[PDB]
Amino acid sequence: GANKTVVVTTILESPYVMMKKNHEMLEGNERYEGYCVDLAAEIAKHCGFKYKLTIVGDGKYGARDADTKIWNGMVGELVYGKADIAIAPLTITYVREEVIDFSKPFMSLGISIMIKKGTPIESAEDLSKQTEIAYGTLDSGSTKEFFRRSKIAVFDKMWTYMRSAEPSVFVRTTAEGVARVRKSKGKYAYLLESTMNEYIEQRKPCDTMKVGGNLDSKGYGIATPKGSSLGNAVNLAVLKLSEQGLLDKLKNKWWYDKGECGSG
Amino acid sequence: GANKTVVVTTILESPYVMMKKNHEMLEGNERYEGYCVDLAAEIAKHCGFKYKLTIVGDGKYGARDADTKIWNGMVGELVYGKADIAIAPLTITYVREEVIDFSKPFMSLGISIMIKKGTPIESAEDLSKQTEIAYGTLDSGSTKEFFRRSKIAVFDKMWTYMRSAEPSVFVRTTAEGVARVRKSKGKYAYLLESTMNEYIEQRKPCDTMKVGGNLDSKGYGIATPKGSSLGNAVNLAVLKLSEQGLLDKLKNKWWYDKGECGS
Ligand SMILES: O=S1(=O)NCN(CCF)c2ccc(Cl)cc21
Ligand SMILES: O=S1(=O)NCN(CCF)c2ccc(Cl)cc21
Ligand SMILES: N[C@@H](CCC(=O)O)C(=O)O
Ligand SMILES: N[C@@H](CCC(=O)O)C(=O)O
Ligand SMILES: [Cl-]
Ligand SMILES: [Cl-]
Ligand SMILES: [Cl-]
Ligand SMILES: [Cl-]
């Protein structure tokens, strides 16, 4: 591409990055809208670089294959030099921190439980002590890896069930997880990040809800290849935007409740 | 060269670091107990170093003097080479990130309001729109800097009041702020971090409460001098302890497991 243009990898995930209405006649960065689109513009302005938004080719966040040790998703695009920076709801984790750099977090989240309203589930422990209600996670992301690695009794029990459930309880995109909750008449619960859970809970058809506390506490960070010359400036930009209140403003904008559910 | 004992700067702030019973006859790290004492041991174990806990001499978190440009507090101890690492409730901020290194956060917090129970205040906007109830912050910390720097109308209005209030609404320690809330019959509210607020809420005589939402969202990080080789390992240790659930267990141990205001 053009010299001096920073290649940004990101992922189609509402409300972080979405195709604009009429995107088919638009071009370049103007095709996209959302929290991370706005955040990319703010970061680029503070750091003084031109950039090109690119949607990750394989549509995945990033996991390392156990056999080949190859990273996929946005993490892989950073590791293997296909992108210069990831501006996306990319979760800070130990295994990723070992191979890429992360800014200080720009948004908080935790793993949470989505149910069809009325499902008799209040906690992860509730899910783990029964079998009528199936449950699963997104593939190739931090939630699945969390359960795989957990030595915490409840989560280890949940992983032992999910890894062997048939048909598979894992989904390829967040939208499939949500649809499965809505279609399963309350017999499927979806484990996903509270940010995406809370976004969906405010949207029509207003039939899902987040139940229980979050199962962990973490955040999204802007990611760069290890040793990138962008990392220091991007990190300071996140903290400056945070302290100016602009991250809160952006969250309020893209999670804005127009009252599709109740009074608003 | 040979391994050397790592000098840890920290601060006497409950329940992060507290004087143990019998401290008067104890030496070194055995004098202290608390969340950050436990966290220091965990970090040191994962990273494989020996360490000495040292309470910051001036008892301050860290601010830069506008005229001399000199840093005080724990930040100063790192900046001027007096300590190798800070393991404390030290808030990640832009101006500090410019001069020291921070791990990923080990605990989340936001600025919050502490009131004596029954005080007719529900929000920062409430405080800003009245004068009967005074309010202030800790000196030499991130909360005071937040109000001093804010462009948000309500917080700027609060700062304009606080900076000129007489007698001073600012306190030198959290304990002084708590005492002022408890003794002022509802005429003082204290702006402090939600972590400390929630801790005090569970201590006798159970006469304070946290009201309103948090005013911002940030976190504490383990800090090292800029470019310290210790930074990488300490950061991974924080994320590993987080993912193992040990930070959550430590929070429960020191905030709620032995809370004094019931279950
Ligand atoms: O100070 S920070 O590193 N970056 C700014 N934000 C706000 C964006 F999430 C947060 C939030 C939570 C924690 Cl624990 C830490 C931080
Ligand atoms: O993944 S992290 O950088 N470090 C671990 N924790 C948990 C301890 F605070 C958090 C919490 C909140 C945010 Cl935004 C980010 C993180
Ligand atoms: N944010 C996650 C993806 C969503 C999930 O795993 O629930 C990641 O970075 O992997
Ligand atoms: N944690 C704060 C001190 C407490 C406060 O300012 O309210 C700091 O690092 O400065
Ligand atoms: Cl369209
Ligand atoms: Cl030594
Ligand atoms: Cl003892
Ligand atoms: Cl408030």
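Proteins get letters first, then strands, A, B, ... in listed order; numbering begins at 1 in each.
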A:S150 portion near chain B, given a 4.5 angstrom heavy-atom threshold: neither
Euclidean distance, B:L247 CG relative to A:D216 CG, rounded to 0.5 Å: 11.5 Å
B:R163 atom CZ, neighbour heavy-atom count above 12 within 6.0 Å: no
Minimum side-chain heavy-atom gap B:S108-A:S108 below 4.5 Å: no
Per-residue contacts, residues 84-98 of chain B versus chain A, heavy atoms under 4.5 Å: B:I92, B:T93, B:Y94, B:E97, B:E98
Under 4.5 Å from a heavy atom of chain A, the part of B:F102 involved: both
Distance, nearest 0.5 Å, that separates CD of B:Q244 from NZ of A:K151: 8.0 Å
Residue B:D257 excluded, over 12 heavy atoms near CG under 6.0 Å: yes
Neighbour count above 12 (heavy atom, 6.0 Å) for A:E122 CD: no
Toward chain A: residues of residues 217-237 of chain B with heavy atoms under 4.5 Å: B:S217, B:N235, B:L236
